[PDB]
Every structure is written in structure tokens, then in C-alpha cells.
Undergrad: 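Here you go, one structure.
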Amino acid sequence: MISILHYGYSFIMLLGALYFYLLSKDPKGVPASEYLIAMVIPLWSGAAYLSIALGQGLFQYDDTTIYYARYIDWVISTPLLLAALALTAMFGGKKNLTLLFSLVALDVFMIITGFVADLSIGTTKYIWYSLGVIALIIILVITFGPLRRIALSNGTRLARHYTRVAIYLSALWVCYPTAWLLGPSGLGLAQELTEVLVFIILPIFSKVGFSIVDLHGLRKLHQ
Amino acid sequence: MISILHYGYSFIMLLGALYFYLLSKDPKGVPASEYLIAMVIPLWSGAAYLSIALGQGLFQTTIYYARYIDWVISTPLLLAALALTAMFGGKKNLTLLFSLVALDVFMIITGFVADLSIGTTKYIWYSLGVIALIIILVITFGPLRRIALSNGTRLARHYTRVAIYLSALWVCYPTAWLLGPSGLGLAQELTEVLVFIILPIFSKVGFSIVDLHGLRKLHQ
Amino acid sequence: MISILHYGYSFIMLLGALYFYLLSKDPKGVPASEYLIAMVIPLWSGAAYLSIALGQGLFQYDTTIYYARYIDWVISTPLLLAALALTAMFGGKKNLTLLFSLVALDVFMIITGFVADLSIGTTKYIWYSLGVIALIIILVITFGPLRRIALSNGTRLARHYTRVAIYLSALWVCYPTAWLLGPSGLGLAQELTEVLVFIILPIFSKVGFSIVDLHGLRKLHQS
Ligand SMILES: CCCCCCCC/C=C\CCCCCCCC(=O)O
């Protein structure tokens, strides 16, 4: 079942990527860079999850299954999602690439702490987990603080769209470390199959859902 | 023999890099960035192949993993060089350039995974890499060539020449891969080793000689 | 002792990062990019050294390889070179080609060090030698074309650049010297001696350099 779920996921990612490509052909004032980002996220995630489906992107460690292909996915897909969110805030205004790369750095560090934590045991696991959560809190502070202020500097209509996609992505963000901690990688309260389903369903909303909401909202700003 | 061939290759890469550096000192209207790219490609490939020569960049089928360490850097830089040639004298399309870089890096990764794989799984990964290569070729002879044409007859003629040159070499790599020990195992290991010594001399040094000379000629 | 030394180091890195953050809040004409770089360097080094403290970022190869040092340097050292290059270019046009030339040389340098550490006999010293050649080219760029950019940006900037260039260059040569003398090379110096050198040096490079660099740039500010 776990294999089939991953095959299904990869197919949905492919469909998402194709939809964003078709959108890119009639771009409605959205720069090509934002369509490229929207396409790379699902294609990369799709490839990583295909490796799990084929039984390659996982291995046994501490008598538990480590789905290491998830970290290979997130270390690329999640910084790109934050870049998409940052470019939305900056839409129709001057870019702040310093703030964008601040978020990329925090996010890549966050995913790495997750991988190291998964490879760790006892207090060490929760030291790495904690550093990742601290990174996420700083990302959320940037998202609803200075990044939102950039969005507001680009007018009421843009800021309204940014706030919507910021809430959407932020809601999903907090789910990942919650599931991680509850599941076999952490406290082991939640069953492996439950965790597998969460990390199939959540990413459909993040890897495809977010960019549908994001691109449609930006496209609507076009006359 | 395999060790000696790799030492020889690394020396040719060094000579190529030095030639491009000398060219960079009298640049003839070609930006320093294009000389930097031309120098990094052979130096990186040279280092990777030196690791094979020293018997480090392989594990034993024999997987020459140092080839993938090479290509994951050298091949995106070659595509960047080709994209900047198309855009020479005009506005840059960095989105299209990074599209090619992304496709190419993915392509090399599928090759490494395919090499580590067995049976149907190997050819699934190989096929994804081939699909990436086809999209790269479509971009090269489609939208990227259209950018070249927008930059005048002389530039477009040069771009078309280097595009055919690189494209000819591109298709050879996955062909040799599939025929050799990593794939169907029809070609002998020594034959594959010689192909992946000779091809790269034309790609890592040959391409940039043709590319830089053609761009420099536009200064006159 | 080795574990405790690494814990202490990581805490100093955190303090350094916080100092740079506080400086960034009253930036005195220094772009946000230079504060971001100054903060990432110690935070990344801190995380890497924390992994050694926890007994994760090293392994036996008979001899101990502190591989987390290379994970540190492959990010921290190109960022230090970027900091130095942006100092030269302060108040003037950026040369990102020269900056990325230095990044490329430096990343190659650190990789040769890792491979050298994994190597034995003549092979070790071939890789070490290629790294030293990379370092010599970096020094030639630093005191040649990069210094000429600094000079083009006025007397006061050029004076500051020269000071931070000598500071970083002095530290640069110490690393491959300690490497060669210690267990990774000739094995003249004891493990504990090498460990202390690679605790003390980085405090001067990861925090010291940016204190001197940022203070010198901030001093150029009018008002
Ligand atoms: C965890 C390691 C990841 C580190 C990657 C990013 C490090 C930050 C380095 C440089 C920041 C680049 C800022 C670009 C400045 C452009 C001007 C602007 O728009 O602000």
C-alpha cells in the first residue's frame, strides 16, 4: 500500500507540473521565474517519492524505517516554496533577495536538522529537532513580520493575496514537525502507516495546492 | 591502462584551462563570466578524472561515480555557456538558463541512481534522464535558438554551430551508458572507458575552443 | 575535553551571531547582505562543531577524521571570501564574476582537504598540494585584482580592505599548516593540540574577521 500511495503521489505531482507549464504559456503578468519555481517543486518531490515507491529512498535504522528521500525532497522543494512566497510579497515592487536568501538558509538548515535528528537517538535527536523548530519559528516571524510589511508596501490588493498564501503555507509548515515528533522518527505515538498517509496528503496541498492558490491570485491582478 | 588514460585526460584538461585563461587576458568583447565558465568545466572534470586515475573515484560491476561528480557540475556549466552564447549582445533570460541547469542536474542524478539500480528500476531512472535530455534539446533548437536569431545573423550562425556540436556529443553519453556495463553490457568496460575519455575532451575543451573563438570573432 | 571544547565553541558562535544581528538593526550604511553573511558563517560553524561535541561529526579511519570540519568550511569559507570581496566593492560596482571565481577556488580547496584526509601516502599530498595551489591563486586575487577594486573605491575603504585582507590571509595559511603538522598529515602534533588549534583559529575567522570587517565599514558611515 505504501508503494502504491507513492506511485499515485508522483503521478499527481506530474499533473500539477503540467498544469503550471500550461499556465506559463499564457502568463498574465506573472514572470517566467515564478512558473519555473512552481514546476520544479512538484517534479523534484515527484522524483523523490518515486524512489520510495520503487523501494530505494528508504532504509532500516534503529529498527525503524528512515524515508531519507523525504529530506532529499524537502531540502530543494521547501526553500523553493519560501522563495515563491517571498516573490509574492515583492510582486510589483523592488526585490529583497537578502530576505529571500535568509529564508532559504533558515529552511535548508531546518531540513538538515530533521535528517540528523532522524539518524540520532535519545536527547541528541531532540537537540537537532529543537534547532529545526527554532529555525521554523524565525521563518514564521519573518513571514508575518518584515516579509508581510514588504507585501503591504506593494498595495492593499497584493498584501491581501500574500496574507492568504502566507496563512495557507504556514498552517501546512507546523503540521510537518508535529507529525515528525508524534511518528516513528520521534515519540512513536502515531503508527508508521498513519505517518506515511500524512506525508502523502500534506505535500499534495504544499507542492501543488500552494502554487495553484499563489499563481491564480497573482494572475487575477492582471488587466 | 585505465589509470594512464585518466592521468593523460587530466593533463589535457589543465592545458585547456590554461589556454582559456590566456584568452581571458585579451577578452575581445567576451565577458569575464564566459571565460570563468570555460575554465571551471575542464578544471573540475580534470580533478574528478584524476581521482579515477588514483583509483579513488570508483567502487567495484565497476561504478565510476567520479564521472557523475564531474558531470553534475561540468554539464550544467556547458549548458550555461551555450545559453549565454545565444544571449550574446542581447538581454539575458536567466529563467531559461536555470531551466536548462535544473533539467541537466536532474538528468545526471537519474544516471547515478540508474547505475546504483538493477532491472526495470535502472531503466525507469535512465528513461527519466532521457526525457530531461529531449526537453533540453527542444529548448536548445526551439526557444533558445529563437533568442540567438534575435541577436543577428552572425551570432545565430555561431550559436547553431556550437548547438549542433554539443547536441551531437550529448546523445553519445546515454547511448554509450546503455550499451556499456551500466546498462545492457553489450560494449566491453575498456571500450566504454575510452569513449568516456575521448568524448569529454571534445565537450570539456573542444566546445569552449569553438565557442570562445566564434564569440571573439564578433569583436571584428 | 574535546567534546566540552566543541560545546564552548558553539556557544561563542551563537554569541557572535547575536552580536552581528544586533549590529544589523542599526546598520550604519552597511547593506543587509553583509550582516546576513556575517551571521550565517558562525551559526553554520556552530552547528557543525555541535555535531562533533555530540560525537556525530567524526569517525575512525585507527585515526579520527573530523569530517564535520569540512561540512563547516565548504559553506563558511566561501562566505568569508564573499564578505572580503563585497568589502573591496563597498561604495562601487560589484564584480560577481571575481566573487564567484573566489567561491569556486575556495570550495575546490576544502574538497581537496576532505579527499586528502580520506587518502594515504603520496595520494594524500597530491590532493593537499592541489588545495595549496587553489589557496595561492586566492591570495594572488586578494592582493592583486580584488585589492585594485578596493583602491578604486577610495583611500579609507582601501585602507580597511587591506587590513581585513591581511587578517584573513594570516588565518588562511594557519589552517593548511596545522592540517599538515597534525594527525591528518605528518602527525608531528598530538590530536589534542590540533583540536585546540581548530577551536581557537575559527573563533578569530568566524567571529573575529566579521567584528573587524563590519566595524571598519560602519566607521565609513556619514551621520
Ligand atoms: C545554511 C547555508 C545556506 C546559505 C545560503 C545563503 C547564504 C547567504 C548569502 C548571501 C545572500 C545573498 C544576498 C543577495 C543580495 C542582493 C541584493 C538584495 O536584493 O538584497
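Chain identifiers are assigned alphabetically (A, B, ...) following the order of the sequence lines, protein sequences preceding nucleic acid strands; residue numbering begins at 1 within each chain. What's counted below: heavy atoms across the whole structure, side chains too, no hydrogens, waters or symmetry copies. Both counts, for ligands and for their atoms, begin at 1 and track the order of listing.
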Undergrad: Under a 3.5 Å cutoff, is there a donor and acceptor pairing between the side chains of C/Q56 and A/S120?
TA: yes
Undergrad: As an exercise, identify every atom of ligand 1 less than 4.0 angstrom from a heavy atom of A/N96.
TA: 19 (O), 20 (O)
Undergrad: Can you tell me if C/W44 has a non-hydrogen atom under 4.0 Å from ligand 1?
TA: yes
Undergrad: Which option wins on minimum heavy-atom distance to atom 13 (C) of ligand 1: A/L100, C/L96, A/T98?
TA: A/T98
Undergrad: Could you verify whether a donor N or O on one side chain and an acceptor N or O on the other, from C/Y9 and C/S45, lie under 3.5 Å apart?
TA: yes
Undergrad: Taking only heavy atoms of A/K95, which atoms of ligand 1 are found under 4.0 Å from at least one of them?
TA: 19 (O)
Undergrad: Can you tell me if C/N153 uses its side chain to pair, donor with acceptor, with the backbone of C/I149 under 3.5 Å?
TA: yes
Undergrad: Using heavy atoms and a 4.0 Å limit, tell me yes or no: is C/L36 in contact with ligand 1?
TA: yes
Undergrad: So, C/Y175 versus C/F198, ring centres under 6.0 angstrom or not?
TA: yes
Undergrad: Please work out, at 4.0 Å between heavy atoms, whether the side chain, the backbone, both, or neither of A/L99 comes within that distance of ligand 1.
TA: neither
Undergrad: Report yes if some heavy atom in the side chain of C/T142 is under 4.5 Å from a heavy atom in the side chain of C/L168; otherwise report no.
TA: no
